[PDB]
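What the coordinates show
Chain by chain, the residues:
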Amino acid sequence: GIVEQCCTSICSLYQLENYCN
Amino acid sequence: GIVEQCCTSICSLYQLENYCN
Amino acid sequence: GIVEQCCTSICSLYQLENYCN
Amino acid sequence: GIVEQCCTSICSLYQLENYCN
Amino acid sequence: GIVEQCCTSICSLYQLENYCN
Amino acid sequence: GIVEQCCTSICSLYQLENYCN
Amino acid sequence: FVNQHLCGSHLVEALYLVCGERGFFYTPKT
Amino acid sequence: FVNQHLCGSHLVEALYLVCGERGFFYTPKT
Amino acid sequence: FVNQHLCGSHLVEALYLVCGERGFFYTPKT
Amino acid sequence: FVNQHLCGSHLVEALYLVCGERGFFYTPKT
Amino acid sequence: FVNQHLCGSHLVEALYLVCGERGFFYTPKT
Amino acid sequence: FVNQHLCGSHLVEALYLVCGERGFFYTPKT
């Protein structure tokens, strides 16, 4: 979901925003 | 809420559970 | 001993206590 | 310079870019 | 002992060796 | 250069000095 | 003021450690 | 298997850094 | 081989967190 | 005085995170 | 009071880094 | 591929620790 997605090839700043609150 | 509460005197393990999902 | 044991599948809280002082 | 500036009130993303290479 | 000594003015490399095993 | 060299077998203290400023 | 944005980085380490596999909502905007 | 519980500790550092003051929900239980 | 010297850095974070005020002996030389 | 040598450790985490692949020069000797 | 339980997390990083493979006893209960 | 952007975060901790007050240039774009 978020870990497997960012702990595989590093998520981009715009990708991390989707998880922001 | 959680930061000011744990970044002041360290929260206890049982206190951190309240924030668990 | 402790690293190879916890850096392979993460040790449990009760397992980390054995190393506590 | 960069530490006293970001370790006092947190620098903004655009401020950290100035130090990027 | 070691925390109050290194978390006050940073211990030197030779000072940290005293705590090495 | 420095990452692939130290993130493969850990660089030694004398090796890290070469990158010091 | 920097302590919050800095110590909060370690609070999460203990949070997901205590939660283990469970997740946790971290909101520093108190 | 340990990489998740370990790298996830750094993912949060960037999360609340990008969010700044906003909060974020971190759920490693995928 | 680097994982040990790197993940071990997070193992201690949980160790002294679980121990709270108690201390702990960390010996990576297995 | 210890805050600098300690918080600076997290400043770099955000630096190379914002820079992504680009590098950055970190000089704490202000 | 939180600085100890937080900065101590970085003291260990330097400890096992200077010790390399050797171990070290960390006791924050001064 | 994530190990670089993650372990590099600890390499800097040792770098400015060995350098002490001196600075250091960190460029992961090898």
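Reading the values: the criteria
- Residues numbered from 1 in each chain as written, not as in the entry; some residues may be left out.
- Chains lettered and ligands numbered in written order.
- Heavy atoms only, no water.
- Contact = heavy atoms within 4.5 Å.
- Buried area = accessible area lost by both parts, 1.4 Å probe.
- Polar contact = N/O pair within 3.5 Å; in protein donor to acceptor, adjacent residues only side chain to side chain.
- Helix = DSSP H or I, 4+ residues; strand = E, 2+ residues; numbered from the N terminus.
- Least-squares fit on C-alpha atoms.
- Disulfide = S-S within 2.5 Å.
- Buried < 20%, exposed > 50% of the residue type's maximum accessible area, 1.4 Å probe, protein only.

Solution NMR is the method the PDB entry states for this structure.

Describing the arrangement of the chains
For the non-touching pair chain B and chain L, the nearest C-alpha separation works out to 22 Å. Separated throughout, chain D and chain L approach each other most closely at a C-alpha pair spaced 8 Å apart.

Focus on the interface of chain G and chain H
Each partner contributes residues to the interface: chain G has 18 residues there, and chain H has 18 residues. In total, about 1,500 Å² of surface goes out of reach between chain G and chain H, with carbon and sulfur atoms giving 60% of it. Where chain G meets chain H, there are 10 residue pairs in polar contact. Every element with two or more residues in the side of chain G that touches chain H is listed here: α1 (2–19) and β1 (24–26) of chain G.

Quick notes on the relation of the copies chain G and chain H
Once turned by 180° and shifted 0.0 Å along the axis, chain G lies on chain H with an RMSD of 0.0 Å. The superposition operator between the copies reduces to a two-fold rotation axis. Among all residues of chain G, the minimum C-alpha distance to the rotation axis is found for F25(G), at 2.1 Å. Mapped onto chain H, 100% of the interface residues of chain G again fall at the interface, so both copies present the same surface.

As for the state of the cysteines
All names here are of chain B. This model, assessed by the stated rule, comprises 18 disulfides over all chains. The side chain of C6 participates in a disulfide bridge whose partner is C11; the two sulfur atoms lie 2.0 Å from each other. Of note, the bridge from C6 to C11 carries an S-S torsion of about -90° and is left-handed in sense. For the residue pair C6 and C11, the accessibility class agrees, reading buried in each case.

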